[PDB]
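Breakdown of the fold
As a plain string of letters, each chain reads:
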Amino acid sequence: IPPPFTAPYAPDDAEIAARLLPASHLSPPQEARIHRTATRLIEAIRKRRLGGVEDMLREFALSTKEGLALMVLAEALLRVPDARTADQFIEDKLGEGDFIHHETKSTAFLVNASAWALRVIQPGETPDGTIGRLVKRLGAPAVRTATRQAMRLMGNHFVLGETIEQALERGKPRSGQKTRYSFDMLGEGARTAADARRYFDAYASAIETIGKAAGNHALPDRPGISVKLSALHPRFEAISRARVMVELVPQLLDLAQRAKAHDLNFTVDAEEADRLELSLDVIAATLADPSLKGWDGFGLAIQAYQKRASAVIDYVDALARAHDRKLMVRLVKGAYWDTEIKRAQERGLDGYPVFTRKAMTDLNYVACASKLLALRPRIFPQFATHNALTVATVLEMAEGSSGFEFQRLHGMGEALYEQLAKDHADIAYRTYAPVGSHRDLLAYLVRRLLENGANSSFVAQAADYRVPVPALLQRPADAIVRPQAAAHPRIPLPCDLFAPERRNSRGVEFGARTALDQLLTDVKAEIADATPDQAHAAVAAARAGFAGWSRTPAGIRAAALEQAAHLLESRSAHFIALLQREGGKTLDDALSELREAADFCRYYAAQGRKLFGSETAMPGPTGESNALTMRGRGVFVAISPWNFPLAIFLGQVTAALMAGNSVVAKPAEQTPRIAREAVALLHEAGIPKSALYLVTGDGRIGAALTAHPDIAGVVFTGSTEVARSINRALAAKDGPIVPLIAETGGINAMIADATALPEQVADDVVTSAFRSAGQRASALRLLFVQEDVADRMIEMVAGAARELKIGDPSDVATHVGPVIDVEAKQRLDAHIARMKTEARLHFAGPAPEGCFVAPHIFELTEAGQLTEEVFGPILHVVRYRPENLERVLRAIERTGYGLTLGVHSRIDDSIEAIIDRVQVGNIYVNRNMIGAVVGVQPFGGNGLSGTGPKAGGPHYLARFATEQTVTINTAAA
Amino acid sequence: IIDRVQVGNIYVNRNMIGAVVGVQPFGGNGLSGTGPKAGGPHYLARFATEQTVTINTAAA
Ligand SMILES: Cc1cc2c(cc1C)N(C[C@H](O)[C@H](O)[C@H](O)COP(=O)(O)OP(=O)(O)OC[C@H]1O[C@@H](n3cnc4c(N)ncnc43)[C@H](O)[C@@H]1O)c1[nH]c(=O)[nH]c(=O)c1N2
Ligand code: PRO
Ligand code: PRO
Ligand code: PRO
Ligand code: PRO
Ligand code: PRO
Ligand code: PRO
């Protein structure tokens, strides 16, 4: 038995290309046969009458969003009982008006079949929505034609139903016949326990349907089924490995046994790169069961676009050797390329787990295919591709043998593989059809549309007559030529995302067991109050250090911040441990705050050089110079919260310091130890002792600091009430009117309409409301959801919220740590008890013994029932009618807050109408509302949410400074 | 003198009056006021509030 798979996550592309490039060399007569095969295949592709997705996209010059909208509308129209009824609709209503209504209803239909029944259309309606913009661009008649073509595609290439039973009934062959295709089951990412059971039953149900229609031939000439591990477990993630191995393995085994009893091909699909190791763990434990001996149909997909692909092949082979099994192994290039790039950047990884040049994937795919062909007969390879060149090359390397197959998706590669079958009679290819229910269509269509709409896609190019046939025949090695060119030149490494402005902080990929274990190990390996006199002395000492710090050159202040960033990341294990023990933060939140703290230092340093590093020359008359500068104001008092006790503490403090002010810093009572370490670190990084003082204690000590007549400003993050009293104590003084910078939370809403993917809304609602136990100023408090999808969305949020593990934040599996202290928990439980008597309850999770509040979900009759920011894991939901979006926006305006706002919608015109109407500081569209990144999402809002300027943005530092104009009459010279 | 004082408008070897818009941004600190300087590049922003719009474009 091989040890648990653990290859390097993102090794260097050049070293890989240095081996693959010389080894790709094929002999001249080999390459000529490849050229001819692929030419004949492409000529058949260009024969041209069954259309495809890519054909529809190209014909009407549709974006992927527009393709999606029409295919969803098409699916809804196909399920209207009377075809003549759908035709009347297409002619008389579609494109005439009600554009957003048609897009909303047809999408709601996928989760709520009763949502749509076929109002009346007034003429002259402004064409908005995805459909309306399509009508303005192409004209209503072309939209009707494109919709009719989408209906043919949806009916011919998908096997769908309102439930899996209906899909399987529709995809059933005539009694006594074998199915002419294998089942690529729709379904991914269970969000709820019921989801995981439902997909399990769909798979078991599908295995019986194809089992009964399987023929009398032996493998490989029998139908197959494809399943996703993420569909079978609601927290399929590396940090939940322990429950995954206990719960998922028996499930996958049960389905594998049912597959074996019909002698089927049973294939585990390959998903995102951070699930690779977990999937192999689950697959290894499942294959190990002796009940699966004597059956040759078990297998998995392997993604060639991963640098680890070749090692996965070795691992799978040693598995088959160790258990004396035969496996069927599918080689694909990979369906998640864009996701892997984005994820690596967001996560600050030291590289990409995938190649970044298409030819490198194509090169690695052929190398992996050659490796798999040599592992026959123990490995039966399945080459799933619609690339005529890839097919031609793989066929040549097999040298005319058997013991393998090609694979395609229904609606793609048909002309390719028919021609291959004509020219080489012994070639087998497996055709999969997508099979599933409407509630799984949207998520699937999104991914399918990305590959078909891609410019680099082979099937898209081989069908565009503008692309000459010889262009599609360039061999991958000839496009790369040299190893140093393996990486794509226009995609920086995550560490270079902000170059040359500044460096980026490093993150950790939790789906790489070596990385997660090293971090867990490092972290495991790791104050009297101030009298009013000592706080008074602190101001006086900061006041005395101001002059020298103010006149220290900006580049030296900036160097100190950059060295502070260096020390934070070098000592990340220490601060993470402090964030877990003192802050109560889970490991993902602690790492993220540590990164944010370093990001604040480097960002304010770079801004600091631009702003205070040199003077701005003003135009003016000759004989006279005019120069504008900015300089420190004096002593800033910085008051910081307990919920970001390191990053907001350091953002506020280093901003004031960078602008040339000395600082007296008063941390939250609950988290002084992290603040002491941070202050000590800034001193060590070069902040003079006289420029920065820490004063710990109560709100009376915070009041004494902000009431002190010698301070030049206050930077404060906390509650509205305390900011007002600070503001009043400042206004009460007879001295100068000094700046107050305040961020004071929000009652943050999210608006989700029926065009949004309900499983993405659910993910983002669960994250935004319950991550960090809701102890974030940015957290989602109030979800507005359109009534046609409200039931499904609320139930999915509740089921997902139920799978959150609440407990000790040091345990790797914890999703929800404790709230900060007993007093906070008491405030939250009081609001929970009040909401139970006042509003509908949807979920009240079980809290472990101790200082914990569990996720809660309440539904309100009106938004007005929620009158306070409640700083915990407590979501409130209002369902609304689409014609009442104005009442939603008025409710959001009525709270007086304006920090974050989430918008989930496919419809650009709706998104824009919301953005135009609200004043909220941070609007997040089709993603969660939390974790603003320094210099990426400048963070902060208005109204009762605070004053600005936004932290982590280009207007922040100036507010800590005052301007100076120097005008010199130079005429004497 | 310039290094020592915090005064908003320093006029060297000329009179101290008649600031020109966009040439001598006018305004100071302490009991002379809050800023930002009138007729300079930091004035208009203070009358405004910032907005960040973050769109997950990956669906496209
Ligand atoms: C029967 C069957 C079953 C499956 C799959 C396909 C089929 C036919 N796939 C999908 C597969 O991985 C792939 O996305 C499509 O088949 C298209 O790839 P081709 O070889 O057809 O075409 P094509 O040759 O046009 O290749 C496209 C691929 O190149 C890669 N690519 C594009 N740009 C790149 C760049 N700049 N740098 C590096 N690489 C780049 C991407 O992987 C992209 O998908 C899959 N996928 C998966 O991840 N898990 C799975 O289990 C399956 N299962
Ligand atoms: O996609 C993932 O890996 C995690 C698992 C549950 C939610 N997101
Ligand atoms: O905004 C804050 O940081 C505190 C925490 C609970 C209430 N206000
Ligand atoms: O964006 C977030 O979630 C936190 C809250 C204050 C700023 N950063
Ligand atoms: O406090 C402010 O807003 C001014 C504007 C420019 C410099 N500081
Ligand atoms: O510069 C001056 O003389 C006047 C005083 C206020 C602004 N303009
Ligand atoms: O009051 C201020 O200074 C903020 C900063 C940019 C817009 N207004």
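Cut-offs and rules
- Residues numbered from 1 in each chain as written, not as in the entry; some residues may be left out.
- Chains lettered and ligands numbered in written order.
- Part of a larger assembly, values for the part shown.
- Heavy atoms only, no water.
- Residues with missing side-chain atoms left out of burial classes, pairs and counts.
- Helix = DSSP H or I, 4+ residues; strand = E, 2+ residues; numbered from the N terminus.
- Rg over C-alpha atoms; globule rule 2.2 N^0.38 Å.
- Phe/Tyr/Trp six-rings, centres within 6.5 Å; stacked < 30°, edge-to-face > 60°.
- Buried < 20%, exposed > 50% of the residue type's maximum accessible area, 1.4 Å probe, protein only.
- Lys NZ or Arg CZ within 6 Å of the ring centre and 35° of its normal.
- Near = heavy atom within 4 Å.
- Polar contact = N/O pair within 3.5 Å; in protein donor to acceptor, adjacent residues only side chain to side chain.
- Areas by Shrake-Rupley, 256 points an atom, 1.4 Å probe, with all protein chains shown as cover.
- Nonpolar A, V, L, I, M, F, W, Y, C, P; charged D, E, K, R; others polar.
- Core = buried A, V, L, I, M, F, W, Y, C linked by side-chain atoms within 4.5 Å.
- Contact = heavy atoms within 4.5 Å.
- Arc of directions from axis to C-beta.
- 1 Å grid on protein atoms, 1.4 Å probe; cavity = no way out; pocket = protein on both sides within 12 Å on 5 of 7 lines; lining within 4 Å.
- Points joined across faces, edges and corners; volume = space filled by probe spheres on them.
- Domains from an automatic or database assignment.

If you check the header, you'll see the entry was determined by X-ray crystallography and the resolution is listed as 2.1500 Å.

Assigned secondary structure in chain B consists of zero helices and two strands. A compact globule built from 60 residues should have a C-alpha radius of gyration of about 10 Å, whereas chain B, at 18 Å, is more than 25% larger. Projected onto its principal axes, the C-alpha positions of chain B cover 65 × 25 × 20 Å.

Before going further, it helps to spend a moment on the packing of aromatic side chains. Residues and elements named next belong to chain A. The final tally for this structure, using the stated rule, is 18 aromatic pairs over all chains. Plain terms: the ring middles of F158 and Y444 are 6.4 Å apart, the flat faces sit at 85 degrees to each other, and that makes the pair edge-to-face. You can see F158 sitting in the loop between α8 (140-157) and β1 (159-161) and its partner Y444 sitting in helix α18 (residues 441-453), a full 286 residues away along the chain. Like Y444, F158 is buried. An aromatic cluster is defined as three or more aromatic residues linked by ring pairs; in this entry it consists of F600, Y603, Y604, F636, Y956 and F960. The positively charged end of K333 is found above the aromatic ring belonging to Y365, 5.7 Å away from the centroid. Over the ring of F644 we find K585, and its NZ or CZ is 3.7 Å from the ring centre.

Neighbouring ligand 7 are the residues A:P949, A:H955, A:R959, B:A45, B:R46, B:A48 and B:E50. Per-site note: the chains with residues close to ligand 7 are chains A and B. A distance of 2.8 Å separates a nitrogen atom of ligand 7 from a polar atom in the backbone of B:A45. Within the backbone of B:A48, one N or O atom sits 2.9 Å away from a nitrogen atom of ligand 7. In isolation ligand 7 has 250 Å² of accessible area, and contact with the protein removes 90% of it. Here the shell around ligand 7 is built from residues that sort into three nonpolar, one polar and three charged.

The next thing to look at is the nonpolar core. Residues and elements named next belong to chain A. Formed by 92 residues in total, the largest nonpolar core has its most connected members in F266, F383 and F406. The greatest single-element share of this core, amounting to nine residues, is contributed by helix α10 (residues 193-212). Beyond its immediate stretch of four places on either side in the chain, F383 contacts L331, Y365, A369, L372, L373, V394, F404, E405, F406, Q407 and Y417. One finds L782, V789, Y880 and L899 within the second-largest nonpolar core, a separate group that totals 74 residues.

All names here are of chain A. With an omega dihedral of 5 degrees, the bond running from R376 to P377 counts as a cis peptide bond. Note on placement: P377 falls in the loop between α15 (358-374) and β7 (379-384). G948 connects to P949 through a cis peptide bond whose omega is -5 degrees. Tracing the chain through its elements places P949 in the loop between β23 (922-925) and β24 (961-969).

Along helix α34 (residues 908-917) of chain A, the residues classified as buried are A:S910, A:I911, A:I914 and A:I915. Here the buried residues of α34(A) occupy an arc of 135 degrees about the axis, which is enough to place them on one side. Looking at the buried residues of α34(A), the elements they touch are α6 (99-109), β17 (748-752), α33 (885-894), β22 (900-904) and β23 of chain A together with β2 (52-55) of chain B.

Residue and element names in this part refer to chain A. In this structure, the largest cavity encloses a volume near 460 Å³. Residue lining of the largest cavity: 38 residues in total, with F600, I648, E743, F939 and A951 positioned closest to the centre. Every element with two or more residues in the lining of the largest cavity is listed here: α25 (587-612), α26 (647-658), β15 (713-717) and β16 (740-743). A per-element tally of the lining of the largest cavity places α26 first, with four residues. Per-class residue counts for the lining of the largest cavity are 20 nonpolar, 14 polar and four charged. Among the domains, domain 2 (513-745 + 957-962) and domain 3 (749-948) are the pair contributing at least three residues each to the lining of the largest cavity. Residue assignment for the lining of the second largest cavity shows that the elements contributing at least two residues are α12 (276-288) and β5 (298-303).

Residues and elements named next belong to chain A. In this structure, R347 sits in the loop between α14 (337-346) and α15. Note on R347: relative accessible area 26%, which makes it partly exposed. For the pair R347 and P492, spaced 145 residues apart in sequence, the C-alpha separation works out to 14 Å. Ignoring any residue separated from it by four or fewer positions in sequence, one finds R347 in contact with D274, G507, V508, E509 and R595. In this structure the side chain of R347 is engaged in a polar contact, spanning 2.7 Å, whose partner is the side chain of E509.

Take the layout of surface pockets next. Space left empty within the atom packing is revealed by a probe, the size of a water molecule, rolled over the atoms. Residue and element names in this part refer to chain A. Estimated volume of the second largest pocket: approximately 1,200 Å³. If you trace the second largest pocket, you find 41 residues lining it, with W642, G718, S719, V722 and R827 closest to the centre. At six residues, the largest contribution of residues to the lining of the second largest pocket is made by helix α32 (residues 822-838). Taken domain by domain, the lining of the second largest pocket gets at least three of its residues from each of domain 2 (513-745 + 957-962) and domain 3 (749-948).

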